[PDB]
Amino acid sequence: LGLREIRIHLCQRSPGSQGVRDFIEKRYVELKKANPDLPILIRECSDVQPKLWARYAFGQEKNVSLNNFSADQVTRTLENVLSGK
Amino acid sequence: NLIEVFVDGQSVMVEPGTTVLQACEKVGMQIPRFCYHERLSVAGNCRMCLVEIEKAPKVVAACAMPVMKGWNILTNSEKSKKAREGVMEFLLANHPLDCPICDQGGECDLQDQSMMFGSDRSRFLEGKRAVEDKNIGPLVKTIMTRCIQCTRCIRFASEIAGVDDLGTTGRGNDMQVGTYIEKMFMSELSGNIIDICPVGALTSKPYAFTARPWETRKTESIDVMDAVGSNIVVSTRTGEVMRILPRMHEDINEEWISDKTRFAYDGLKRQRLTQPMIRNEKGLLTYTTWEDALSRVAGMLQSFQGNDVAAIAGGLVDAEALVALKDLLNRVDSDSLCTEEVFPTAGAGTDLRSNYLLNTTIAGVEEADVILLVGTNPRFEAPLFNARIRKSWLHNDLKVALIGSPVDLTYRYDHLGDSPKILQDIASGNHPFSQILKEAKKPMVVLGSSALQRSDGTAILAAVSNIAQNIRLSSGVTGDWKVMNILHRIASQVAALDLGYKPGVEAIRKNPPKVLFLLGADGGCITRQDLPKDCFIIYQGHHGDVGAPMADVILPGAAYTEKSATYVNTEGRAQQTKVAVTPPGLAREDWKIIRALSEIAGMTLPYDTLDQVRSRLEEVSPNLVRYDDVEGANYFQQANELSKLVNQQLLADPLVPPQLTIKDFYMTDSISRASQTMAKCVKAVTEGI
Amino acid sequence: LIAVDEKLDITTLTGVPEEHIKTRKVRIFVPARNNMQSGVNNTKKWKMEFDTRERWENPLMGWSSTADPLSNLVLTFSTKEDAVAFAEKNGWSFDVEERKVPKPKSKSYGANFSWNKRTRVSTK
Amino acid sequence: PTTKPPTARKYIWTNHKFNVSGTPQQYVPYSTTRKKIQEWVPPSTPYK
Amino acid sequence: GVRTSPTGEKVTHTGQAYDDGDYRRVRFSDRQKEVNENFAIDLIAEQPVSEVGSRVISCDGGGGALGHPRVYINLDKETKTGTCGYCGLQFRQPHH
Amino acid sequence: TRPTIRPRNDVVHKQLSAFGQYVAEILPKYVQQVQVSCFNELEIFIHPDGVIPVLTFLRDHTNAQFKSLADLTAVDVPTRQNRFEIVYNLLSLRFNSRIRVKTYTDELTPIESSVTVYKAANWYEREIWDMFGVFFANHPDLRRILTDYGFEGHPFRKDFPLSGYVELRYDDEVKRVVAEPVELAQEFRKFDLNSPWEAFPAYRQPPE
Amino acid sequence: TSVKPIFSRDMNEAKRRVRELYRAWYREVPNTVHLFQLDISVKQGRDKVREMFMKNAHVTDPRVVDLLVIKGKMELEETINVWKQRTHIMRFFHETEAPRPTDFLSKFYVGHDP
Ligand code: SF4
Ligand code: SF4
Ligand code: FES
Ligand SMILES: [Mg+2]
Ligand SMILES: [Zn+2]
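Chains as they are written, first to last, in the deposited numbering: chain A2, 14 to 98; chain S1, 30 to 718; chain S4, 52 to 175; chain AM, 98 to 145; chain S6, 28 to 123; chain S3, 43 to 250; chain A6, 41 to 154.
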């Protein structure tokens, strides 16, 4: 229930990460401004699909694939994690 | 366009200005040499590299003669062989018969090239020359009867290290190399003259007489004494570290290592933690067993949870240990994970790697046009980065400007005051250096992470980000060139930030913990005065300096020479240290200690082997398993936007680096403090002579 | 002539113990040039060697003891592909390090005496 | 040796010795090198 | 120049001496410890210094082909003697 | 006079070259290469399945009566796809000559047994199998010849450790000699001897 | 790529040879226990034969299987002919080797081995 951190893994050149890249470029600052104390770590993948890790309390982690998503899909999926639904 | 030359009749296309030596290298033939080093200038005085051109009556110096169109280079001709034999005859005519008492011994270029290219007999029936031995400090031992006057040390000293205290005095056969006065050649890049001297005239004094080159086993690992991440080779012998040598990596190390990296390996044999220690009824530390120590620690971990659990990561910790401790502390929902070094967390913070990385890599300095250093002393924080800066300065007329304290770098730079008010002036546009940066085609701004330790580090970071923003707006937006840069001085800082540790110990100061895990934390940032009474301290480390004296439980770990581990340098590159020797006594690997503690406590971690721990590392941050890659994504726009919204006031204090002198360079970390050679160097540079 | 759609694997025939088949990570690499010498003749063949194991001190005479059969085992290969094929067919884990060659450098003796550039040398 | 006495040095044994195996004067080997690693000595004073 | 450790054990010219709590001393019980009485460092210190009136001298250890490789020592520094390092032999120029 | 240099025999070099051309012409199906070393040794590289025809020709042909099998060994070269190189040394008493025939094979590919041409091939091929793992198809009795009973592994391979994996001692509890994992009081000290300066330019390989 | 088969062509003939070798070994254990005067049971010997057969159950190359059965026939003929001694037969059983720990915690306690 208690979210502790969010991690977004997106490859910087693969076509499948194009939607996640657009979210970082034009939507990350607004998201971070709303959650100043939430660790939102953006990292880099080489040849695998993009991932969304959500570390909850007591070390529970859920990974959501972001492969071939759009910027709107990434925003909705991320706010679902923040909302809890 | 390329011109066609011939080596032994084989065609090869070389750029104009290429030398005969480099053309032969391209076709795969290594011409004998003594005074030629590719990292230094061309001298051409040993005359060992003479080769014959097909029609030329006279042999040419291969190391200095540019190739012309349609030249045939006869490398193994009769004239070439006779020239090599004559030169070797002269050299060995004046050399002394010191091979068995010479540290160079089996790794001597004079011996090898004499055995390959010279004669097997001597015609010298006269007396030899004996030269008085000079003294240039505690690190380099000079036996100058073995010098062959190749002037490599002179060229290296001046060009590379910026120190002009080496030269030749006198002339003729009585020509000598030295300082002409009782002066010590003390510099952060001194042992490289030990490496480049082709003979035994300059030899390592700590390594004197200990071993021979054929005995030693070479282990290719990396360096942990600083955040450059130099590639090194560890020479071991019968399970004992004998020597540290440079390993070529032209984007990081470039064949050189600093004196601390080279000569502090003997701190790994002193003040070592070899057995687990607990406290008896008297409060005195006594040896115990692994089972007992881990049982006590796990009992405390089961008792307490939440923000009453903290961990402080030191400067010599590895990614596997960091991630294992992070997972173990997350098993109890605790999060007081911190590193003993401060980085501004306001705005983007550690969220984007292109906010604390050195975005323009070390090799990218050679392409920069203007570089501005803010609140740092690269000569001691990162000797190889400063050597690269000096090389770029020399070979490209790079303009360097330093804001703050006027430390004596090895090159001429433009000094800008001492205060961050100048930093605000540059961003505004009042300073002339603003116009210099605007007109520069390739600017670079490097802010030292030692400046961020101040109470106003966030303001300094915001100011320099604004300067980079102004540079980007005025100059070309397009391009892969990156302006903003951060220079780190701690080996584990970047790996910890990538994993998700909170920089600085401010969180632990805010919420004092009941249980504190000092993972190699010898900095003394947090002590029992700050901690609550009866706080349980577990120090896990390899040297007993501060945390071990003040800790309740002591767990011995392994050093970098003793564990296979992962370290991330200041430019974001990841490199794996390999095992050279094994931990002494009952010492174990750090992630193994953490995993065993978790298993005893009941919150068993999901990894049992090194590959599984590295798979967890790939889960948390894949850049930690992509090793030699350095390319990454640039998020300066987002970082600057997040930094703008909150701003504070710069303090009215001058930017003074922590290290102002070479003694402050010599003593920085735990292994250096435990080293006796570093103590000798400090004594030499303080008391002189 | 039969056809097999299988990867070659001779671990069951080599006679190596299962411990030294499974828990060993060899390192395929080109040796770094010894900085003490300018020769480059030892940086031409790939090498395969095993990870270091424990060495302790003999109680009598103080010699260095070992229990790892593969401590002195180093193999020479002409190519990275050959080395990797050998490692795969013998079943050991392997880490491959790409060969490092020095980049070409522009050298000029005349730069020592530049009229206005910083490359001018103060000594010879 | 009476006709040609050997060269006399101050380090040469004055008294010759036979094989001392099976006697308390026998040779016992040992390592003639010092300790390689020095271990940390914890403070003898209390703390906290 | 043999020296005795606090445990009653002789100290070798390399400084070897078993610690008080070292269990390896059991091998010497009812037997003896092999220590050479003559110390080469002491004897070579007992050797005198040869004064020669030349800037460079040559040492082969004595005996010619039965000595060590011939080396040349430069006697220019007046604050110390020149030492042949094969045989540890000191030479000096006539001062005063 | 050049007293320190071996004199050369161009007549024997020419004779060996001519005979190599002769055999290569006679057996084009199997012979892949013919070489003459500068110290006058003829070397024939064949396809591995031509062992029986080539050896029978070299034994029975009137112009090549190589009636004696001087030696039979193998060389392990891991860098090759077919690591094992089987070498046959033949001696012709009629023409006072010697020849060498080399084939190749790997771990899982058998080589036809030449016990039907020479009888020394029996023990020579048993030793090759014992020390390298190379299997010979139609061998009358193929088994270990030199290694201990029940010994696992083929010692002469390059990837086999020098001291092996097991060692023997007598155990008083069980009243018999036992085999235990190898453990050395002093580890073999490996020396890196190769000089980093190229010795023989005549053998230099292209940089590729 | 067509490769020269040692025996057995496909995998089924290799399995047939494996079964023949297993029968030969199964019918030899009583005679081996009798001749060598082994103190082990016949059931123990058959269990050891079964275990030594099962450690190669992951092989999928018919040539590797053929080589394995060739070596099995060799070491069977070393036993029928009493070329081996009781020493080797009991070397199959590792009666003197101390049991190495297998769990992470015990391996951590003993030493540095992975
Ligand atoms: S520098 Fe080389 S040639 Fe000279 S004494 Fe030393 S090992 Fe011998
Ligand atoms: S001391 Fe060494 S590096 Fe310097 S000139 Fe002499 S031989 Fe060359
Ligand atoms: S290497 Fe060219 S003259 Fe010295
Ligand atoms: Mg040197
Ligand atoms: Zn002497």
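For every residue, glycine included, the Cβ atom is placed at its ideal position computed from N, Cα and C.
Determine the chain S3 residues that contact residue i at a beta-carbon separation under 9 angstroms, and present them in chain order.
i               : result
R106 (chain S4) : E229
How long is the line joining the alpha carbons of residue i and residue j, rounded to whole angstroms?
i               : j               : result
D37 (chain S1)  : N101 (chain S1) : 6 angstroms
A116 (chain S3) : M112 (chain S4) : 41 angstroms
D280 (chain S1) : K46 (chain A2)  : 37 angstroms
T606 (chain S1) : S250 (chain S1) : 4 angstroms
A397 (chain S1) : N425 (chain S1) : 9 angstroms
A93 (chain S1)  : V257 (chain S1) : 33 angstroms
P542 (chain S1) : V361 (chain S1) : 13 angstroms
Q31 (chain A2)  : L44 (chain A2)  : 18 angstroms
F164 (chain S4) : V172 (chain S4) : 7 angstroms
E660 (chain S1) : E250 (chain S3) : 29 angstroms
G505 (chain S1) : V399 (chain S1) : 15 angstroms
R308 (chain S1) : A221 (chain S3) : 45 angstroms
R89 (chain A2)  : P28 (chain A2)  : 20 angstroms
Mind pulling the chain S1 residues with CB within less than 9 angstroms of residue i?
i               : result
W171 (chain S3) : The premise fails here: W171 (chain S3) is roughly 35 angstroms from chain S1 at the closest Cβ pair, so nothing lies under 9 angstroms.
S141 (chain AM) : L313
Using a Cβ cut-off of 8 angstroms, pull out every chain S1 residue sitting near residue i, in sequence order please.
i               : result
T103 (chain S4) : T248, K607, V608, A609, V610, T611
Just the chain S4 side, please: which residues come within less than 8 angstroms of residue i by C-beta, in chain order?
i               : result
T267 (chain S1) : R106, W114, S115
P45 (chain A6)  : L52, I53
From this set, the options, which residue's C-alpha is nearest residue i's C-alpha?
i               : options                                                            : result
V475 (chain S1) : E83 (chain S1), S383 (chain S1), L639 (chain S1), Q678 (chain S1)  : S383 (chain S1)
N65 (chain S6)  : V29 (chain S6), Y50 (chain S6), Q43 (chain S6)                     : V29 (chain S6)
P238 (chain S3) : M144 (chain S1), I691 (chain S1), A411 (chain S1), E161 (chain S1) : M144 (chain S1)
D698 (chain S1) : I183 (chain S1), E648 (chain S1), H571 (chain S1), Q667 (chain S1) : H571 (chain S1)
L23 (chain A2)  : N93 (chain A2), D60 (chain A2), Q73 (chain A2)                     : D60 (chain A2)
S156 (chain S3) : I141 (chain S3), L150 (chain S3), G175 (chain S3), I128 (chain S3) : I128 (chain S3)
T303 (chain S1) : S650 (chain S1), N652 (chain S1), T590 (chain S1), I583 (chain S1) : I583 (chain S1)
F238 (chain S1) : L438 (chain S1), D132 (chain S1), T48 (chain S1)                   : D132 (chain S1)
Based on DSSP bridge pairs, tell me the residues matched to residue i.
i                      : result
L78 (chain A6)         : Note: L78 (chain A6) sits in no beta bridge, so no partner.
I141 (chain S3)        : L84 (chain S3), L132 (chain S3)
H444 (chain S1)        : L431 (chain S1)
residue 719 (chain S1) : Since the displayed chain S1 opens at 30 and closes at 718, residue 719 (chain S1) lies outside it and no answer follows.
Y385 (chain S1)        : Looking at the DSSP assignment, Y385 (chain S1) forms no beta bridge with any residue, so it has no partner.
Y316 (chain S1)        : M306 (chain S1)
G570 (chain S1)        : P585 (chain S1)
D118 (chain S3)        : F126 (chain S3)
On the premise that residue j lies in contact with residue i, defined as a C-beta separation below 8 angstroms, what is that separation, rounded to the nearest angstrom?
i               : j               : result
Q498 (chain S1) : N669 (chain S1) : 5 angstroms
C78 (chain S1)  : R68 (chain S1)  : About 17 angstroms separates the two Cβ atoms, so there is no contact after all.
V78 (chain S3)  : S59 (chain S3)  : 5 angstroms
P305 (chain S1) : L615 (chain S1) : 7 angstroms
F174 (chain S3) : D118 (chain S3) : 6 angstroms
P227 (chain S1) : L121 (chain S1) : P227 (chain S1) to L121 (chain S1), Cβ: 13 angstroms. No contact.
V169 (chain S1) : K234 (chain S1) : 7 angstroms
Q569 (chain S1) : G586 (chain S1) : 5 angstroms
So which residues on chain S1 does residue i lean against when the C-beta distance must stay under 7 angstroms?
i               : result
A241 (chain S3) : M145
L235 (chain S3) : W243
So which residues on chain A6 does residue i lean against when the C-beta distance must stay under 8 angstroms?
i               : result
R617 (chain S1) : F148, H152
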